[PDB]
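One file, query23.pdb, is given below (PDB, C-alpha atoms).
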ATOM      1  CA  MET V  76       0.000   0.000   0.000  1.00  0.00           C
ATOM      2  CA  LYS V  77       2.482   2.681   1.122  1.00  0.00           C
ATOM      3  CA  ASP V  78       5.714   2.038   3.061  1.00  0.00           C
ATOM      4  CA  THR V  79       4.193   0.249   6.084  1.00  0.00           C
ATOM      5  CA  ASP V  80       0.550   1.191   6.743  1.00  0.00           C
ATOM      6  CA  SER V  81      -0.169  -2.372   7.930  1.00  0.00           C
ATOM      7  CA  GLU V  82       1.724  -1.896  11.214  1.00  0.00           C
ATOM      8  CA  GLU V  83      -1.001   0.496  12.424  1.00  0.00           C
ATOM      9  CA  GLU V  84      -2.918  -2.104  14.468  1.00  0.00           C
ATOM     10  CA  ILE V  85       0.378  -3.844  15.303  1.00  0.00           C
ATOM     11  CA  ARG V  86       2.401  -0.890  16.623  1.00  0.00           C
ATOM     12  CA  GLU V  87      -0.710  -0.062  18.685  1.00  0.00           C
ATOM     13  CA  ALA V  88      -0.882  -3.599  20.100  1.00  0.00           C
ATOM     14  CA  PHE V  89       2.846  -3.615  20.928  1.00  0.00           C
ATOM     15  CA  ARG V  90       3.520   0.056  21.715  1.00  0.00           C
ATOM     16  CA  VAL V  91       2.228  -0.687  25.204  1.00  0.00           C
ATOM     17  CA  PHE V  92       5.806  -1.778  25.894  1.00  0.00           C
ATOM     18  CA  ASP V  93       7.982  -0.157  23.199  1.00  0.00           C
ATOM     19  CA  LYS V  94       5.632   2.820  22.730  1.00  0.00           C
ATOM     20  CA  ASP V  95       8.443   5.392  22.962  1.00  0.00           C
ATOM     21  CA  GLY V  96      11.142   2.781  23.650  1.00  0.00           C
ATOM     22  CA  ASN V  97      12.478   1.426  20.335  1.00  0.00           C
ATOM     23  CA  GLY V  98       9.784  -0.781  18.732  1.00  0.00           C
ATOM     24  CA  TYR V  99      11.849  -3.896  19.545  1.00  0.00           C
ATOM     25  CA  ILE V 100      10.596  -5.480  22.761  1.00  0.00           C
ATOM     26  CA  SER V 101      11.515  -8.643  24.701  1.00  0.00           C
ATOM     27  CA  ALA V 102       9.846 -12.014  24.080  1.00  0.00           C
ATOM     28  CA  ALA V 103       7.839 -11.617  27.297  1.00  0.00           C
ATOM     29  CA  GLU V 104       6.440  -8.510  25.585  1.00  0.00           C
ATOM     30  CA  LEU V 105       5.192 -10.417  22.523  1.00  0.00           C
ATOM     31  CA  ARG V 106       3.716 -13.357  24.485  1.00  0.00           C
ATOM     32  CA  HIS V 107       1.489 -10.758  26.180  1.00  0.00           C
ATOM     33  CA  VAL V 108       0.752  -8.784  22.973  1.00  0.00           C
ATOM     34  CA  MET V 109       0.504 -11.414  20.217  1.00  0.00           C
ATOM     35  CA  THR V 110      -1.684 -13.127  22.813  1.00  0.00           C
ATOM     36  CA  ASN V 111      -4.480 -10.533  22.420  1.00  0.00           C
ATOM     37  CA  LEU V 112      -4.158  -8.277  19.324  1.00  0.00           C
ATOM     38  CA  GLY V 113      -5.833  -9.546  16.107  1.00  0.00           C
ATOM     39  CA  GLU V 114      -3.881 -12.698  17.023  1.00  0.00           C
ATOM     40  CA  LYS V 115      -4.139 -14.568  20.387  1.00  0.00           C
ATOM     41  CA  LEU V 116      -2.254 -17.799  21.160  1.00  0.00           C
ATOM     42  CA  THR V 117      -0.135 -18.872  24.167  1.00  0.00           C
ATOM     43  CA  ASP V 118       3.199 -17.873  25.740  1.00  0.00           C
ATOM     44  CA  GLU V 119       4.596 -21.087  24.208  1.00  0.00           C
ATOM     45  CA  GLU V 120       3.463 -20.580  20.598  1.00  0.00           C
ATOM     46  CA  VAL V 121       4.602 -16.940  20.781  1.00  0.00           C
ATOM     47  CA  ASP V 122       7.936 -17.491  22.566  1.00  0.00           C
ATOM     48  CA  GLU V 123       8.666 -20.354  20.143  1.00  0.00           C
ATOM     49  CA  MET V 124       7.372 -18.292  17.199  1.00  0.00           C
ATOM     50  CA  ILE V 125       9.511 -15.217  17.956  1.00  0.00           C
ATOM     51  CA  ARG V 126      12.543 -17.134  16.657  1.00  0.00           C
ATOM     52  CA  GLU V 127      11.000 -16.170  13.304  1.00  0.00           C
ATOM     53  CA  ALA V 128      10.878 -12.415  14.024  1.00  0.00           C
ATOM     54  CA  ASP V 129      13.441 -11.486  16.701  1.00  0.00           C
ATOM     55  CA  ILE V 130      16.715 -13.358  16.066  1.00  0.00           C
ATOM     56  CA  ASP V 131      19.688 -10.943  16.056  1.00  0.00           C
ATOM     57  CA  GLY V 132      19.176  -8.489  13.149  1.00  0.00           C
ATOM     58  CA  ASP V 133      18.892  -5.534  15.561  1.00  0.00           C
ATOM     59  CA  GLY V 134      16.351  -5.178  18.401  1.00  0.00           C
ATOM     60  CA  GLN V 135      14.561  -8.210  19.893  1.00  0.00           C
ATOM     61  CA  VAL V 136      11.106  -8.003  18.257  1.00  0.00           C
ATOM     62  CA  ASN V 137      10.396  -4.588  16.738  1.00  0.00           C
ATOM     63  CA  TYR V 138       7.262  -3.640  14.809  1.00  0.00           C
ATOM     64  CA  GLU V 139       8.861  -4.358  11.464  1.00  0.00           C
ATOM     65  CA  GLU V 140       9.658  -7.826  12.871  1.00  0.00           C
ATOM     66  CA  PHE V 141       6.478  -7.995  14.994  1.00  0.00           C
ATOM     67  CA  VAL V 142       4.067  -7.845  12.044  1.00  0.00           C
ATOM     68  CA  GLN V 143       5.754 -11.074  10.894  1.00  0.00           C
ATOM     69  CA  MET V 144       4.006 -12.905  13.754  1.00  0.00           C
ATOM     70  CA  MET V 145       0.523 -11.439  13.246  1.00  0.00           C
ATOM     71  CA  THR V 146       0.983 -12.175   9.517  1.00  0.00           C
ATOM     72  CA  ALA V 147       4.103 -14.318   8.957  1.00  0.00           C
ATOM     73  CA  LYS V 148       4.015 -14.992   5.196  1.00  0.00           C
TER
END
What does the file become when written as structure tokens?
Amino acid sequence: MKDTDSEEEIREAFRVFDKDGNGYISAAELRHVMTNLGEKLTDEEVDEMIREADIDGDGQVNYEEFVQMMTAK
């Protein structure tokens, strides 16, 4: 669509922790977020699914790498 207009609902459901921090949050942050935004699973499916987003590129799980969970293609 345009740059990244799909991270609107994501950054919102994830900014609760990295709102003004850096976008990249810890796994414990995702387990609580991915477990409620449009998604909703368990601290095991999320902590074991973060290996897909957060891995070492830069910050743990930022929005650019967080949308991969709510829509990993």
Quick one: apply the PyMOL selection byres ((chain V and resi 113) around 10) to the file and drop the selected residues here as a list in words.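 When the PyMOL selection byres ((chain V and resi 113) around 10) is applied, the selected residues are residues 84, 85, 88, 108, 109, 110, 111, 112, 114, 115, 145 and 146 of chain V.
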List the spatial neighbours of segment 136-144 of chain V as a list in words - criterion: any atom at most 9 Å away, all atoms listed in the file, same-chain residues fewer than 3 positions off excluded.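 Skipping anything fewer than 3 positions along the chain leaves residues 79, 81, 82, 85, 86, 89, 90, 93, 97, 98, 99, 100, 101, 102, 104, 105, 109, 114, 121, 124, 125, 127, 128, 129, 130, 133, 147 and 148 of chain V.
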When you draw a straight line from atom CA of residue 96 of chain V to atom CA of residue 134 of chain V, how long is it in Å? 10.9 Å
Within 8 Å of residue 106 of chain V using all atoms listed in the file, minus same-chain residues under 5 positions, as a list in words: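 Non-adjacent residues within range: residues 117, 118, 119, 121 and 122 of chain V.
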Extending 3 Å beyond the listed atoms of segment 97-100 of chain V on each side, what axis-aligned box results? I want centre and edge lengths in Å to one decimal, as AutoDock Vina command-line options.
--center_x 11.1 --center_y -2.0 --center_z 20.7 --size_x 8.7 --size_y 12.9 --size_z 10.0
